[PDB]
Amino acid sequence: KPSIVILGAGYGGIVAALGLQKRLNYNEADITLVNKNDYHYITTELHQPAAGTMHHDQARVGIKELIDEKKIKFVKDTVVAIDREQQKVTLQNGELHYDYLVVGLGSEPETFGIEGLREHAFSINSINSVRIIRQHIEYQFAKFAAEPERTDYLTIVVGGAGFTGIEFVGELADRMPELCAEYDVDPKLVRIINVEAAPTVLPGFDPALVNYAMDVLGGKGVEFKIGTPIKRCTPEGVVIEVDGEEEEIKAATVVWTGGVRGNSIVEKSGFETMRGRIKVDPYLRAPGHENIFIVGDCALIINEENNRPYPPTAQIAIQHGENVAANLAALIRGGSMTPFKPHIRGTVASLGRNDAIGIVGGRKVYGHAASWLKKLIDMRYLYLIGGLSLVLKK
């Protein structure tokens, strides 16, 4: 049997693996799924445990529960390198050989070379990271009562006002009343600051929704600094550029939501990449390779209508996996592949537990309605990978 190796059990990888599971037969091919952890986490929900609004266990599921060990062989390890010439993948504790390779290693934070960002700032990109962020913040608040002068303990800087930053500060704003009560903190001293280099919050998004979001978040005490880039990050806080002059913000907590890029393993393995991502062919394969497929955030897709790239999203990542699973099954059976066409049905952004903004099917949504839509959309993914049981289990 031919061997299929899928790197990364994220949205793209897990859907690809489950897709191959349904389509292929009990001995048609050998499929090995490699993941850093024995669990798959719901990346789109990670902003909530980071703020502490939702327990992290509700944002992950055991991989062994999802798949069939007969059809899929799960390997828990960390990918170190990919050798295209030898068709071998190197791991920290082993090695693997592939006839076909699917790469869904996800994103990495993009710090733009900004000094201290890697060392002194946090990222919302894993279960480990969000627990670290959450416990870090509660630690600072705990320290405050003993040291009332240090309001920097109560200051949280979120760098970048994209979708991730906006959703996170929304959760943060909701958490503050309970958090302040727990540590005897005066709520008025708490500062949640969202710092954006771009002229507007949520750049390249609909102004009606953006203005609405700022109004809602501003109501909950969130501060916005726009047209303000972060020059560098320190243990004491961040340095920002205001009116051509440097200014310092003293903050015990700095969370970086400024940008993402493709996993550096891909670029290090000698692929040609733009911002760490591979601009794949219509069949989602890496250029110059017939056996290598790229999915999720590692994959780059250009829009034919406008020369702008599709953003790296879970929505398109899921669609990558379904397409790759189908094409791989056909390819193994000597069939013909079907070209990938992305179908972006629009997106919804949460603003705390009870509010949201989105454009779905060209139609705007607000408030409780938009909030339920997002919950329904996310529930649909759970059904896709885990069935009705997974939906009920959470």
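All residue numbers are counted from 1 along the displayed sequence. Just so we're on the same page, rigid core means the largest C-alpha set that superposes within 1.5 Å between forms.
In terms of root mean square C-alpha deviation after superposing on the rigid core in 4 other deposited structures of this protein, the stretch standing farther out between 361-369 and 348-356 is 361-369. With every structure aligned by its rigid core, 299-307 is the stretch of 129-137 and 299-307 whose CA positions lie farther away in 4 other deposited structures of this protein.
Remark: stretch with higher mean C-alpha B factor among 36-44 and 61-69 is 61-69. In this entry, the higher average B-factor at the C-alpha atoms falls on 294-302, of the pair 144-152 and 294-302. The entry assigns its greatest Cα B factor, within the set 222, 185, 251, 89, to 89. Each of 82, 161, 317, 180 has a CA temperature factor in the record; the biggest one is found at 82. In the PDB entry, residue 354 places in the highest third of its chain by CA B-factor. When the CA B factors of the chain's modelled residues are split into thirds, the value for residue 2 lands in the highest one.
Annotation for residue 386: CA B-factor lies in the middle third of the chain's modelled residues. Looking at the C-alpha B-factors along this chain, the one for residue 135 belongs to the lowest third. Ranked against the other modelled residues of its chain, the C-alpha B-factor of residue 104 as given in the entry falls in the middle third.
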